[PDB]
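Worksheet: one structure, shown below.
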Amino acid sequence: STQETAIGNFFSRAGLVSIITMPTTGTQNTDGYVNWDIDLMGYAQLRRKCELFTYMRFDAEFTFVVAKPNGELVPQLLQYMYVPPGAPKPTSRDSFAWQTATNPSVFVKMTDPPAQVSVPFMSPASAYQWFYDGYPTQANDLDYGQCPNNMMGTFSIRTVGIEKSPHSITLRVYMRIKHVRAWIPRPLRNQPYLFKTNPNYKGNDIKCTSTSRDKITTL
Amino acid sequence: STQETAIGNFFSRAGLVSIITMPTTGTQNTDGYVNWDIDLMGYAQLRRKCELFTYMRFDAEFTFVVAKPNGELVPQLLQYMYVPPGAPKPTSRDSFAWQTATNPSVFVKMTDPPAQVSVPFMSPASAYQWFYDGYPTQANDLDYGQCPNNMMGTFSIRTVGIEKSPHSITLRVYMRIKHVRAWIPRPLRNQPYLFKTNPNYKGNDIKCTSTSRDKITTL
Amino acid sequence: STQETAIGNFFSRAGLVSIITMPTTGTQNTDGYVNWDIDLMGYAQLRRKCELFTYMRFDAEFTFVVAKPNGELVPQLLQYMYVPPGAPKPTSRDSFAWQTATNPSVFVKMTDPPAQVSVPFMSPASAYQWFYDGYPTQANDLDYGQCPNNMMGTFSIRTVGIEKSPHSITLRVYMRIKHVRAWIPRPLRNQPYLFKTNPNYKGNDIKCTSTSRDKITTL
Amino acid sequence: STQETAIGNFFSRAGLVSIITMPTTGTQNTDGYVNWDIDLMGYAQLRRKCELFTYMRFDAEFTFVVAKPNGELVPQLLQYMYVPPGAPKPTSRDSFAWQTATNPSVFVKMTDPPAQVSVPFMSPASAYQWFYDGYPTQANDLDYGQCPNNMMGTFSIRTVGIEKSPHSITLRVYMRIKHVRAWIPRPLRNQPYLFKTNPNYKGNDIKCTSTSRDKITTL
Amino acid sequence: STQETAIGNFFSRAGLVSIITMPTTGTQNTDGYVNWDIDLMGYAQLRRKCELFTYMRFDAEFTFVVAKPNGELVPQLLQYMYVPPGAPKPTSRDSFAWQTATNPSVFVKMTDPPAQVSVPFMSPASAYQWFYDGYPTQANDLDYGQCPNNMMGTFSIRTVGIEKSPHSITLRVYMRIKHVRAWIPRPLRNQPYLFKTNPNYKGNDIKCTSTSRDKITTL
C-alpha cells in the first residue's frame with residue numbers, strides 16, 4: 001500500500017524528544033524546577049527525517065511519562081507549564097511566571113496516567129523552516145541560518161508545594177507530529193551532524209555516501 | 001484573528017486567585033479550618049484587567065488543587081463549603097454552619113483529582129461593578145466606593161473528622177471567568193495600587209505613564 | 001423567580017441526617033456494627049420545615065460519607081444493609097440478617113467514592129404524615145400520635161470480615177428529598193421541641209412568637 | 001402490584017451462596033487454592049424457595065467480594081477460573097488446569113471492585129430439575145434422585161504468582177438468578193432438611209405444619 | 001449448534017503463551033530486560049490445534065498480566081516494546097532500540113489493569129504456514145522446513161527508569177486469535193513432539209493412535 005509512504009505515516013508515532021532529570025540534590029537541582037525549550041533537532045534520528053524537506057507545518061502532541069529514577073511512582077503532585085513564545089520563563093522555583101494565567105499549566109499526580117497535551121502551529125509565518133539562507137538581523141559566524149520564527153515554546157516542569165520534593169524525578173517527554181505538510185524536498189544528510197543550529201560538517205573526514213569495493217567489475 | 005481580542009478570550013483561562021495554608025500547628029491553625037471570602041481584587045494582574053471596565057457580569061469556575069506543602073498527597077478527606085451571601089460563616093472547626101443544608105458542600109479526598117465547581121452571577125443587581133461613586137449608607141474615609149452587591153460568597157475549607165488532621169495542607173484556588181460581558185470602558189490604571197477597596201494612589205511619587213528621553217528629537 | 005419558592009426547591013439539597021461512630025473499643029462497639037433506623041425528625045432544622053405540612057410524599061437519596069475519625073481513609077471494606085420495614089434487624093455483628101437476600105446490601109471500600117442509593121416511598125398509605133390525631137391501637141401517655149405507617153426502614157452498617165476491624169469509623173449520612181409533594185399547610189412551630197415523637201412543649205416557659213418593645217408607638 | 005409476586009421478582013436479588021476462606025496456613029491451605037463446585041442447595045433459605053417447583057431454567061450472575069479476614073484490602077492479584085462440566089479441575093496450586101485456554105479465567109486485583117460474571121444454562125436437558133424419581137445408572141441407598149444434568153460447573157480460586165501469598169483471603173460469593181422460568185409447582189418443604197442431595201427427614205421427630213391450641217373453639 | 005464447531009470458536013479464547021520472569025538478581029537478570037520473540041508453537045496444546053491445518057491467517061490480541069512473584073503489586077512503571085520483523089532488538093537494558101520511534105511501545109504501571117494490544121497479520125505472504133516442504137535458501141539437517149515469513153515480531157519487556165528495579169517481576173502473556181481463516185486440513189499429530197521447529201518424532205518408541213485389547217471380539 002502506498003499509504004505507508006505518505007508524509008503523514010512517515011512522521012507519525014510518538015518518539016522520545018527529551019529526558020529531564022530532577023534529582024533531590026546533585027548538580028542542577030537545588031533549584032527544584034526545569035526549563036526545556038521545545039526542540040526537535042534534538043535527536044539526529046528525527047532531525048535527518050525533517051531535513052528531507054525545506055518547509056514543514058504541523059501540530060504536536062506531547063505526552064509526559066514520569067516516575068522516580070528506578071521506575072517507582074509516588075503520590076507527588078507535579079505541574080507542567082507551557083510558556084509560549086515571547087513570554088517570560090520561570091527563573092526560580094517560585095517566580096511569578098508560575099502564577100501567570102496566560103501560561104497554560106497542567107497539574108497532575110505522578111500516580112495519575114501520563115498527562116497529554118496538544119500544541120498548535122505557533123510560527124507567525126505560514127510554515128516552520130529548517131533552513132533560512134539569510135540573517136534575522138557576513139562571512140561570518142553567529143547570526144546565520146537562525147530563524148526565530150520556528151520558536152515553538154518552552155515547557156517548565158516542577159514539583160508543586162512550597163517546600164522541595166523529597167523524591168527525585170526522571171521525566172520522559174514524547175512528541176507526536178499531527179497533520180503534517182511538507183514542501184520542497186532536498187538531499188539527505190550524508191555527513192555526521194556537528195551542531196543543532198547549523199549544517200557544519202567535519203571537513204577533514206568527509207565520508208562517502210556509499211561503501212567501496214576493489215574493482216568496478218567485482219560484485 | 002479578531003477572536004483573540006474578544007472580551008471572552010481576554011478574560012478566559014483559570015488563574016490562581018488564592019493560596020490557603022492550613023499547617024498542623026503554627027499561627028492560625030489550632031483552628032482546623034479556613035474562611036476565604038471570594039475576592040477578585042486579590043491579584044493586581046487580574047484586577048487591572050477588570051478595572052478597564054466599569055460594569056461586568058459573569059459566571060465563575062473554581063478548581064481546588066490541594067496537596068501537602070511539599071507536594072505529597074495523602075488519603076485525607078476534605079470538605080469545601082460554599083457560604084452564599086447573607087449566610088452565616090463557620091466560626092469554629094465544628095460550628096453548626098458545616099451542617100446547614102443550604103450551604104452547598106463538596107466532599108473530596110486529597111487523592112481524588114481536583115474538585116471543580118461553578119458559581120453563578122450572585123449580585124442582586126444586573127452586573128458586578130468595580131466602581132461605585134456613592135455610599136451604601138462625606139469627605140471622608142470609610143464607607144465610600146464600597147458596593148456590597150458585589151459580594152460573591154465565601155468558601156470554607158476544613159478537614160473532615162472529629163479530631164484534627166495530622167497533615168498540613170496547602171490549597172491553591174483557581175478561578176476561570178465564563179460568559180463574560182463588559183460595559184463602559186475606562187482609562188487603564190497607571191499608578192501602583194495601595195488598597196484592595198479603593199483607587200488611592202501614592203501622591204508624592206506619581207509615576208509617568210511613559211518613559212523619558214533627553215530631547216524631543218532624539219530617538 | 002418563583003421557582004425558588006416551589007415546594008421542590010425548598011426541600012432539595014442533601015443535608016446531614018445522622019452521624020454514626022464505630023470506635024475500635026469504647027462504649028458501644030465491642031459489637032462491630034450499628035443499626036440506624038431512618039429518622040427525619042432527627043435535626044430540628046429539617047423537622048420544622050416538614051411540620052409546615054400535614055402530609056408529605058417523597059423519595060430519598062442517601063449518600064454515605066465515611067472515613068476514620070481524623071479524616072484519613074484506609075483500605076477497609078464496609079457493608080451497608082437496608083432492612084425494610086417488617087424485616088428483622090441484625091442483633092449481632094454476625095446475625096443471619098446480614099446474609100438475607102431480601103435485605104439489599106451495598107458493599108464498598110472506604111477508599112471508593114461515597115456510596116449512594118435511593119429509597120422509595122415505603123408507606124402502605126398514600127403519604128407520610130407528621131401528625132396522627134388518633135391511636136394505632138386515652139388521656140393519656142404512650143401510644144398517641146404514633147403512626148407506624150411512616151416507618152421508612154433501617155440501615156445496618158458494619159465492617160466486612162470475620163474478625164473485627166482495626167480502624168475506628170466515623171460515618172456521615174446525607175439525605176436528599178426527591179419528588180416532593182405536600183398537603184394541608186399548618187402553623188409554624190414557635191415553641192422549642194421537647195421530643196422526637198410529639199408536640200409537647202415547655203408550658204412554664206412559653207416563648208412569644210415575636211420580640212418586644214416598650215410602647216406600641218416607639219419604633 | 002402483582003409484579004411483586006411474579007416468579008422473576010421472587011427469585012431476583014443477589015444472595016450469598018458461599019464463603020471460601022484461604023488462610024496463609026492452618027488446616028486446608030498449605031495448598032494455596034480452592035475448588036468450589038457451584039451449588040445452590042447450599043443455603044436452606046434459597047433451597048426451600050426452589051423446591052416449590054419441579055423444573056427450573058435460568059442464567060446466573062456471580063459477584064466476587066473478597067478482602068482479608070478483617071476487611072482490609074491489599075494489592076493482591078487473584079485468579080478465578082470457571083471449570084465447565086466435564087472438564088478437569090485443578091489438583092494442585094499449579095496444575096496444568098490453570099493454563100487450559102478452555103477454562104475461562106478472570107484476573108482481578110483485590111483492590112479493584114468486585115469481579116462479576118454471568119454463567120448460562122449449562123444443562124444438556126431443557127431445564128434443571130430439583131427432583132429425579134429415577135436412577136442415572138433399588139430399595140436402596142446411593143445413586144437415587146441424583147441427576148448429573150444439573151451440574152453447573154466449578155469455580156477454582158487462587159492467588160496468582162509462583163510463591164504463596166502472604167495474606168489470608170476471605171471471599172464471599174454472591175449469585176443472582178436471571179431470566180427465571182419454573183414448572184410444575186409442588187408442596188412446600190415442612191420438615192427440617194437432613195442432606196443436600198435428598199428429601200430424607202427425621203422420622204421420629206415429625207413436626208406439624210401448624211402450631212397447636214387447646215380446644216378447637218378457643219381462639 | 002454448529003457454531004461451536006466453527007473455526008473461529010475453536011481458536012478463540014485467550015490462552016497463556018508465555019511466562020517471563022525478571023528477578024532482581026539470579027541467573028539472567030543483572031540485565032534488567034527480556035526479549036520474547038512471539039512464538040505460538042510454544043505450548044503443545046495450541047500447537048497441535050494449529051497443525052490440523054496447513055495455512056492459517058489471523059490477528060492476535062495480547063494481554064499483559066504482571067505482578068511480583070507472589071502476586072503482590074507495586075507502583076512500578078513498566079514498558080513493553082514491540083519490535084516488528086526486520087527491526088533491531090534491544091541488546092542491553094538501555095540500547096538505542098528502546099528509543100526508536102518505529103518500535104511501538106506501551107507504558108503502563110503494574111497497578112494499572114493489564115495492558116492489551118492487537119498485532120495484525122505480519123507475514124509478507126497471504127498466510128502463515130506451519131509447514132514448508134522446501135528450503136528458504138539436502139538430506140540434511142538445519143535449514144529445512146524453516147519459513148521466516150511466519151516471523152511475527154518480538155516483545156521486549158523492561159522496567160522504566162535509569163536504575164534497576166528493586167522488585168522481581170513475573171509476567172504472564174496471554175494471546176487470543178481474532179479473525180481466523182484456515183486452509184488444507186491435515187492428519188492430527190499422533191506422536192509426541194520433539195522440537196518446536198520440526199515434525200521429528202521418537203522413532204524407536206512409535207506410539208499407536210489407539211489403545212489395545214486382547215481379542216478382536218472382546219469388547
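Identifiers in the C-alpha cells: chain A, B, ... in order shown; residue index from 1 per chain; ligand index from 1 in order shown.
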Item to complete: Return the neighbours of chain A among the residues of chain B, cut-off 7 Å, counting only C-alpha atoms, as a ChimeraX atom specification.
Response: /B:13-16,68-73
Discussion item. Env of segment 206-210 of chain E: 10 Å cut, atoms = only C-alpha atoms, seq-sep filter 6 positions within chain, self excluded. Answer as a list in words.
Written reply: residues 188, 189, 190, 191 and 192 of chain E
Using the selection just defined, write its residues with N, CA, C and O atoms as a compact mmCIF listing (two decimals), in the first residue's frame.
# COMPACT_ATOMS: atom_id res chain seq x y z
N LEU E 188 -4.01 -35.39 12.28
CA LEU E 188 -3.68 -34.88 13.60
C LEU E 188 -2.50 -35.57 14.24
O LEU E 188 -2.46 -36.79 14.36
N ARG E 189 -1.53 -34.76 14.66
CA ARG E 189 -0.33 -35.24 15.31
C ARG E 189 -0.66 -36.36 16.29
O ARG E 189 -1.47 -36.18 17.20
N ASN E 190 -0.03 -37.53 16.11
CA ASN E 190 -0.28 -38.68 16.98
C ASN E 190 1.00 -39.18 17.67
O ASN E 190 0.98 -40.18 18.38
N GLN E 191 2.11 -38.47 17.45
CA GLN E 191 3.40 -38.80 18.05
C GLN E 191 3.85 -37.63 18.91
O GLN E 191 3.62 -36.47 18.56
N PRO E 192 4.49 -37.91 20.04
CA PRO E 192 4.95 -36.82 20.91
C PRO E 192 5.87 -35.87 20.15
O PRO E 192 6.63 -36.30 19.27
Discussion item. As a list in words, please: the residues near residue 9 of chain C (cut-off 10 Å, only C-alpha atoms, same-chain neighbours under 4 positions excluded).
Written reply: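 The neighbour list is residues 3, 4, 5, 13, 177, 178 and 180 of chain C.
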For N, CA and C atoms, I'd like the residues from the last selection saved as a compact mmCIF listing (two decimals), in the first residue's frame.
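After the write, out_2.txt holds the following:
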# COMPACT_ATOMS: atom_id res chain seq x y z
N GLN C 3 -39.65 30.04 41.06
CA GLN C 3 -39.13 28.68 41.16
C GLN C 3 -38.47 28.44 42.51
N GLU C 4 -37.83 29.48 43.03
CA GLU C 4 -37.12 29.38 44.29
C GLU C 4 -38.03 29.08 45.48
N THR C 5 -39.31 29.45 45.37
CA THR C 5 -40.26 29.24 46.46
C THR C 5 -41.12 27.98 46.29
N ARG C 13 -31.57 19.61 48.12
CA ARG C 13 -30.27 19.63 48.79
C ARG C 13 -30.11 18.51 49.81
N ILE C 177 -34.24 14.84 49.57
CA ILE C 177 -35.62 14.52 49.25
C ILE C 177 -35.91 14.81 47.78
N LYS C 178 -36.33 13.76 47.06
CA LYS C 178 -36.65 13.84 45.63
C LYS C 178 -38.16 13.76 45.42
N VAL C 180 -40.89 15.77 45.78
CA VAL C 180 -41.71 16.10 46.94
C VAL C 180 -43.11 16.56 46.61
Discussion item. List as a PyMOL selection string the protein and nucleic acid residues near residue 147 of chain D, meaning an atom at most 7 Å away when only C-alpha atoms are counted, but skip any in the same chain fewer than 2 places from it.
Written reply: chain D and resi 132+136+145+149-150
Practice prompt. Please return as a list in words: the residues of segment 11-187 of chain E that backbone DSSP assigns to alpha helix (DSSP H).
Written response: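 Filtering segment 11-187 of chain E down to alpha helix (DSSP H) leaves residues 44, 45, 46, 47, 48, 49 and 50 of chain E.
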Quick one: residues within 12 Å of residue 148 of chain A, only C-alpha atoms, excluding same-chain residues fewer than 3 positions away - as a short mmCIF file (atom, residue, chain, number, x, y, z; two decimals) with N, CA, C and O atoms, in the first residue's frame?
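Generated file (selection37.cif):
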data_model
loop_
_atom_site.label_atom_id
_atom_site.label_comp_id
_atom_site.auth_asym_id
_atom_site.auth_seq_id
_atom_site.Cartn_x
_atom_site.Cartn_y
_atom_site.Cartn_z
N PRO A 85 5.85 31.49 23.02
CA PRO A 85 6.99 32.28 22.58
C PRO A 85 6.71 33.73 22.99
O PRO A 85 5.55 34.15 23.07
N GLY A 86 7.77 34.49 23.26
CA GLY A 86 7.58 35.88 23.64
C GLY A 86 7.12 36.06 25.07
O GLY A 86 6.87 37.18 25.53
N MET A 122 2.61 27.28 16.07
CA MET A 122 2.99 28.56 16.65
C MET A 122 3.63 29.63 15.76
O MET A 122 3.43 30.82 15.99
N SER A 123 4.38 29.22 14.75
CA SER A 123 5.04 30.22 13.92
C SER A 123 4.12 31.31 13.41
O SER A 123 2.93 31.08 13.18
N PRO A 124 4.67 32.53 13.27
CA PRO A 124 3.98 33.72 12.78
C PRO A 124 4.01 33.70 11.26
O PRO A 124 3.37 34.51 10.59
N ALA A 125 4.77 32.74 10.72
CA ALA A 125 4.90 32.53 9.28
C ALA A 125 4.01 31.33 8.90
O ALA A 125 3.51 30.62 9.77
N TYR A 128 7.05 26.18 9.41
CA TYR A 128 8.33 26.15 10.11
C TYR A 128 9.30 25.90 8.95
O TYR A 128 8.92 25.31 7.94
N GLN A 129 10.54 26.38 9.08
CA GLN A 129 11.54 26.14 8.03
C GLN A 129 12.85 25.75 8.68
O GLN A 129 13.37 26.46 9.53
N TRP A 130 13.39 24.60 8.27
CA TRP A 130 14.63 24.08 8.83
C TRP A 130 15.85 24.71 8.19
O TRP A 130 16.97 24.40 8.58
N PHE A 131 15.62 25.58 7.21
CA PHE A 131 16.70 26.28 6.51
C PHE A 131 16.34 27.71 6.15
O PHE A 131 15.33 27.96 5.50
N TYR A 132 17.18 28.65 6.59
CA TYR A 132 17.00 30.08 6.32
C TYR A 132 18.36 30.58 5.80
O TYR A 132 19.31 30.70 6.57
N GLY A 134 19.43 33.32 5.14
CA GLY A 134 19.65 34.71 5.42
C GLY A 134 20.02 34.96 6.87
O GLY A 134 20.51 34.07 7.57
N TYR A 135 19.79 36.19 7.31
CA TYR A 135 20.08 36.61 8.67
C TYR A 135 18.85 37.34 9.20
O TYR A 135 18.12 38.00 8.44
N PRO A 136 18.49 37.13 10.48
CA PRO A 136 17.28 37.70 11.07
C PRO A 136 17.48 39.13 11.55
O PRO A 136 16.76 39.60 12.44
N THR A 137 18.63 39.72 11.17
CA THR A 137 19.16 40.94 11.71
C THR A 137 19.77 41.71 10.54
O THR A 137 19.97 41.17 9.43
N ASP A 143 24.55 34.22 14.10
CA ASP A 143 23.51 35.04 13.50
C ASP A 143 23.19 34.65 12.06
O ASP A 143 22.58 35.42 11.32
N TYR A 144 23.60 33.45 11.65
CA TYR A 144 23.29 33.00 10.30
C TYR A 144 22.53 31.68 10.29
O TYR A 144 22.87 30.74 11.03
N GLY A 145 21.49 31.61 9.46
CA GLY A 145 20.68 30.41 9.34
C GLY A 145 19.63 30.33 10.42
O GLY A 145 18.68 29.55 10.33
N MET A 151 10.51 29.11 16.75
CA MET A 151 10.42 29.02 18.21
C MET A 151 9.01 28.50 18.57
O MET A 151 8.02 29.17 18.32
N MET A 152 8.93 27.29 19.14
CA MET A 152 7.64 26.67 19.49
C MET A 152 7.17 26.82 20.91
O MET A 152 6.03 26.50 21.23
N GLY A 153 8.05 27.29 21.79
CA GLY A 153 7.64 27.45 23.16
C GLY A 153 8.55 26.71 24.11
O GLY A 153 9.49 26.02 23.70
N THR A 197 22.12 23.87 15.54
CA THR A 197 21.74 25.03 14.74
C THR A 197 22.39 25.29 13.38
O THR A 197 22.22 26.38 12.82
#
